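If you want the building blocks of each chain, they are given just below.
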Amino acid sequence: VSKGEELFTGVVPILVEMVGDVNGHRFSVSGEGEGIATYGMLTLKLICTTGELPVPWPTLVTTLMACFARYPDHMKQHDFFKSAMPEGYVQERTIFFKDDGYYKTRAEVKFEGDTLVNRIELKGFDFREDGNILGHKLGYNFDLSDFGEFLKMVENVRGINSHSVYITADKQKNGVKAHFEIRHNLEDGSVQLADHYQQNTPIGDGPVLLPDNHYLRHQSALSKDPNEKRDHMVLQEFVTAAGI
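Residues numbered from 1 in each chain as written, not as in the entry; some residues may be left out. Heavy atoms only, no water. Residues with missing side-chain atoms left out of burial classes, pairs and counts.

In its metadata, the entry names X-ray crystallography as the structure determination method and reports 1.95 Å as the resolution.

See the structure below:
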């Protein structure tokens with residue numbers, strides 16, 4: 001009913017493009033898949049098109065679409081991310097890795113005709129060649145210490161620890177913001193903290209629903225395509241809103 005809902009109504013094709021430079025190690029990632037807001041579901045296959053990804057794939061999960069979360073009927077007024085469509089929104093993060101480097105990220109999420117686009121620039125700085133990021137020491141998971149076709153999607157995510165990020169309004173920016181923590185596991189059994197600060201602004205001039213403070217609840221699953229030669233990641237995210 002409200003701005004930009006009808007654009008999400010079925011199966012929306014996704015395009016993700018990313019270019020990155022972490023300590024001078026240059027890389028590109030492209031990818032495609034599908035968002036289904038009615039399920040709060042996202043599925044992607046993202047490929048490193050330049051060869052070996054120089055950071056661990058788990059560290060880019062958050063960077064590589066809150067518009068595909070499913071907002072319940074009582075909360076459709078708080079859906080900032082759909083309300084900004086089709087023109088879209090700039091998503092900006094700082095990510096601090098404890099006792100290591102950090103990422104700066106800037107992405108534009110928007111409709112390019114039918115296709116929902118996440119076009120990203122990533123830089124990162126002050127990493128240790130030998131540390132957990134440029135060392136590739138993180139495990140490959142995101143386990144943070146229609147009734148039918150849908151239940152197939154939910155099967156892959158049942159059991160995974162949920163992760164809740166609080167979304168707050170920023171009136172000055174006519175946007176939203178969030179602070180959260182991602183605790184990556186390592187193989188050795190300890191944790192790698194990734195301290196996320198996020199800012200989202202509309203690309204359009206005209207106004208938006210600035211939401212009451214609510215949470216987005218995620219479960220993410222990382223897998224592989226068994227027929228894919230390249231360095232790659234399959235990511236599925238189940239995202240719903242609550243708490244207001």
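Participant: Which parts of the structure should I look at to understand unusual backbone geometry?
Facilitator: What is expected of a backbone is that most residues other than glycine have negative phi and most peptide bonds are trans. Residue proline 86 is reached from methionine 85 by a cis peptide bond, and omega for that bond is 5 degrees. With a phi angle near 50 degrees, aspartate 99 is a residue other than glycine that sits in the positive phi range. Inspection of the secondary structure assignment puts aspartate 99 in the loop between β4 (89-97) and β5 (102-112). Relative accessible area serves as the criterion here: at 68%, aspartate 99 is assigned to the exposed category. Phi at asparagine 174 takes a positive value of approximately 50 degrees, unusual for a residue other than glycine. Assignment of secondary structure puts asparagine 174 in the loop between β7 (163-170) and β8 (175-185). (Helix = DSSP H or I, 4+ residues; strand = E, 2+ residues; numbered from the N terminus. Buried < 20%, exposed > 50% of the residue type's maximum accessible area, 1.4 Å probe, protein only.)

Participant: What am I meant to see in the packing of aromatic side chains here?
Facilitator: Across all of its chains, the model carries 13 aromatic pairs by this definition. On the basis of an interplanar angle of 50 degrees and a centroid distance of 5.4 Å, the ring pair of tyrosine 103 and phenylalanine 127 is categorised as tilted. In this pair, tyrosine 103 is assigned in strand β5 and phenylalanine 127 in the loop between β6 (115-125) and α2 (147-155), connecting sequence segments 24 residues apart. Of the two residues, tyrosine 103 and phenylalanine 127, both sit in the buried class. Among the aromatic residues, those joined into a cluster by ring pairs are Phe96, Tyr102, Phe125 and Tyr197. Its guanidinium or amino end placed over the ring of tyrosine 140, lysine 224 lies 4.4 Å from that ring's centre, counting from NZ or CZ. (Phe/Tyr/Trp six-rings, centres within 6.5 Å; stacked < 30°, edge-to-face > 60°. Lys NZ or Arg CZ within 6 Å of the ring centre and 35° of its normal.)

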